[PDB]
Structures are given as structure tokens and as C-alpha cells.
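Chain and residue survey
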Amino acid sequence: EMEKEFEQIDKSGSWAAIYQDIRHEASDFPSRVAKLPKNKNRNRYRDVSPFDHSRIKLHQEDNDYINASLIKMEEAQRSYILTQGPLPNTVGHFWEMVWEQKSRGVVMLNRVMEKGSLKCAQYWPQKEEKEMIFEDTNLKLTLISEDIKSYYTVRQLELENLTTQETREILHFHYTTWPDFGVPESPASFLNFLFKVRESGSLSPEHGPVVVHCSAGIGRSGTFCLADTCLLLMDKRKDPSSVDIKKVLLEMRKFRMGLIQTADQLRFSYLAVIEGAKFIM
Ligand SMILES: CNCc1cccc(Cl)c1
């Protein structure tokens, strides 16, 4: 059981060591499309690339590339698209992907500015009466409503395909209180946020996969889909303590490199799952 595994690693301070075994065991697949010179300005970080086998393809004949990966967790019946925070030049591609994949929710785990630098383009409207038009992908985005709470904001957005005049409602779940350095002290507000995303229907199989991002789409984004998947597995299995968080992480790393960036994020993931396990129990 992971509660006991937690105490062992914690009392022995072995988090950096566990984390290095995961780094060592992790899959390595080609990412040739990401490294093409025509895609250099579609990547926020030169060392964070989608694998060719799991990459999301845009339906535009010109250049189908976006820094985004489909993570398919077969046993849990959960899919996620993990992507980087959009760049000034990829905001149109981002919304095209949301449209093409029939996503119902976008989960954002960063602030636009952190540590005095921009981590993400402002890719949604700030006011009802000032909609955004993405001329390159022929989409219009309107803010419908905004519910600001202490730890997160939920926004209802309307996405309109200007080509076909179809409209969809998108929910934007913005976790606003992840600290600039390290991880939250307590996983309580992160769990509350994760249960709010679940309650919306955004993670349900009747929609396309949820889009999850932070700045690179590997660290905080990783923690989100690791916690969700592990809790769902502990609710599906005969024996919930058969769920090994290290195994689940390695399965997710087949689909996108580098998920969980630090030993601190790994510790936090255990804590979130343990406490989320305490919940529902
Ligand atoms: C939802 N996962 C928590 C858990 C742990 C152990 C047993 C059950 Cl039914 C659920």
C-alpha cells in the first residue's frame, strides 16, 4: 500500500532516488516531426517535444503540427490531451485542436505571468463584449461567464466555427494558486479543483479528451492526470492497493516525455492520491 511506501520514502528521504529510477526506466520514442525546422517557432521549449506516435495532428493540409500529445489510459477509460501553454503564434492552432478533438473542457494549471516572465499567451477573452477572432483558423471565441473563487476560476466560453457557423460551449478551469516555486503545502484545494472538473462532465467519454496545460505541459499537467487516473483505478479494481503510482506514471510517460518534472511533484502526486483515497473511502 502507497500510504506505507510514502512513509518509507519520506522517513528515509529517498524522493530524489525514486524519481531518478523513473527517469531511467522511462520510454524514449522518436519526435521527428517536432524537430523539423519549420516547427521551431511552434515549440515553447526545445527539450519538450511530443512523440510522433501519440502527437495530436491538426486537420490543416499546410502544417499539421502542434506541441500536444494524446494520453490514452485503457484500463481507466480516460484520455487527456497534454499541451504546452500556447504561444502568440499558436493561439489559433490551440483552439483549432479543441474544435477538431471535440473537447468540452480546458484545464489551465499556470498563471500567464510567473516569476516575472510570460508562461503562456492570453488565449481567452477578458470581457464579454470583447470577443477574439483567430483569422488563421477561422474561429471566434466569446466569454459568456466567469466565476472567480479563491483557488480557481471557471469560465464558460462559446467557440464558433466561422466556416460552418456551428457553436460549442467550452469550460475553462483555471487553477490560479499553484505557487511560483515548489508545490502546494496541502493537496486539498487541488483535489477540490479536480472534483470540480470531474463534476462538469469534461472528463467523460461522451466528449473528446480534456485539454490540460501548464507552461511545458509535463509537470503540473502530469500531476493532474496522474492523480485523476490513479483515483479512478482505485474505484474500478477489486483491490484498490494494487494501484502502483510509479507504474501508472511510467505507462503515461509512453505517451508524453517528462511527465512529473521534480521529486517534489512526485511526492505531491502521492499525497494527492493518498488524500483523495482517504476521500470516497
Ligand atoms: C477512489 N479511490 C479511492 C479508493 C481506495 C480504496 C477503495 C476504494 Cl472503493 C476507493
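Residues numbered from 1 in each chain as written, not as in the entry; some residues may be left out. Heavy atoms only, no water.

Structure determination for this entry is recorded as X-ray crystallography, at 1.8000 Å resolution.

Looking at the PDB entry, the protein carries the name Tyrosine-protein phosphatase non-receptor type 1, with the source organism given as Homo sapiens. Annotation of the protein in UniProt includes, under Subcellular location, the sentence "Endoplasmic reticulum membrane". Check the Sequence similarities section of the UniProt entry for the protein; it says "Belongs to the protein-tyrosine phosphatase family. Non-receptor class 1 subfamily." (UniProt positions renumbered as here; feature names shortened; annotations may be inferred.)

**A closer look at helix α8 (residues 263-278)**
For α8, built from 16 residues, the straight-helix expectation of 22 Å at 1.5 Å per residue is met to within 8% by its first-to-last C-alpha distance of 23 Å. Most of α8 sits out of view: 12 of its 16 residues are buried. Those residues of α8 lying buried are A263, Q265, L266, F268, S269, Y270, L271, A272, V273, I274, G276 and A277. (Helix = DSSP H or I, 4+ residues; strand = E, 2+ residues; numbered from the N terminus. Expected span 1.5 Å × (residues − 1). Buried < 20%, exposed > 50% of the residue type's maximum accessible area, 1.4 Å probe, protein only.)

**Side note on the UniProt feature "domain: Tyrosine-protein phosphatase" in the protein**
Look at the UniProt record and you will see "domain: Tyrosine-protein phosphatase" annotated at residues 2-276. From the first C-alpha to the last, residues 2-276 spans 12 Å; its make-up is 32% helix and 23% strand.

**Structural notes on the side chain of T153**
Locating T153 in the fold gives a position in strand β9 (residues 152-161). If we ignore the near neighbours within four places in the chain, the residues touching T153 are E146, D147, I148, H172, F173, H174 and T176. (Contact = heavy atoms within 4.5 Å.)

**So, the UniProt feature "active site" in the protein**
Within this structure's numbering, the places UniProt gives as "active site" are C214. Following the sequence through the fold, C214 ends up in the loop between β11 (210-213) and α6 (220-236). Leaving out residues up to four positions away in the same chain, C214 has contacts with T83, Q84, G85, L109, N110, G219, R220 and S221.

**Considering the side chain of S202**
Tracing the chain through its elements places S202 in the loop between α5 (188-199) and β11. Once residues within four sequence positions are removed from consideration, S202 is found in contact with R104, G105, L171, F173, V197, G208 and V210.

**Observations regarding the packing of aromatic side chains**
Evaluation of the coordinates by the stated rule reveals 18 aromatic pairs. Ring centres of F94 and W95 lie 5.2 Å apart, and the angle between their planes is 90°; on these two criteria the pair is classed as edge-to-face. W95 shares its class with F94; the two are buried. A centroid spacing of 6.3 Å and a plane angle of 85° characterise the contact between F190 and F224, whose relative ring orientation is edge-to-face. Of the two residues, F190 sits in helix α5 while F224 sits in helix α6, which places them 34 residues apart along the sequence. The residue whose ring lies beneath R168 is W99, and the NZ or CZ to ring-centre distance is 3.7 Å. (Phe/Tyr/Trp six-rings, centres within 6.5 Å; stacked < 30°, edge-to-face > 60°. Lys NZ or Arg CZ within 6 Å of the ring centre and 35° of its normal.)

**Things to note about the environment of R168**
Secondary-structure assignment places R168 in strand β10 (residues 167-175). Residue classification places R168 among the partly exposed residues on the basis of a relative accessible area of 24%. Separated by 11 residues in sequence, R168 and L157 have C-alpha atoms that sit 8.3 Å apart. Residue contacts for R168: discarding those within four places in its chain leaves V98, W99, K102, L157, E158 and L159. Separated by 2.7 Å, the side chain of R168 and the backbone oxygen of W99 make a polar contact. (Polar contact = N/O pair within 3.5 Å; in protein donor to acceptor, adjacent residues only side chain to side chain.)

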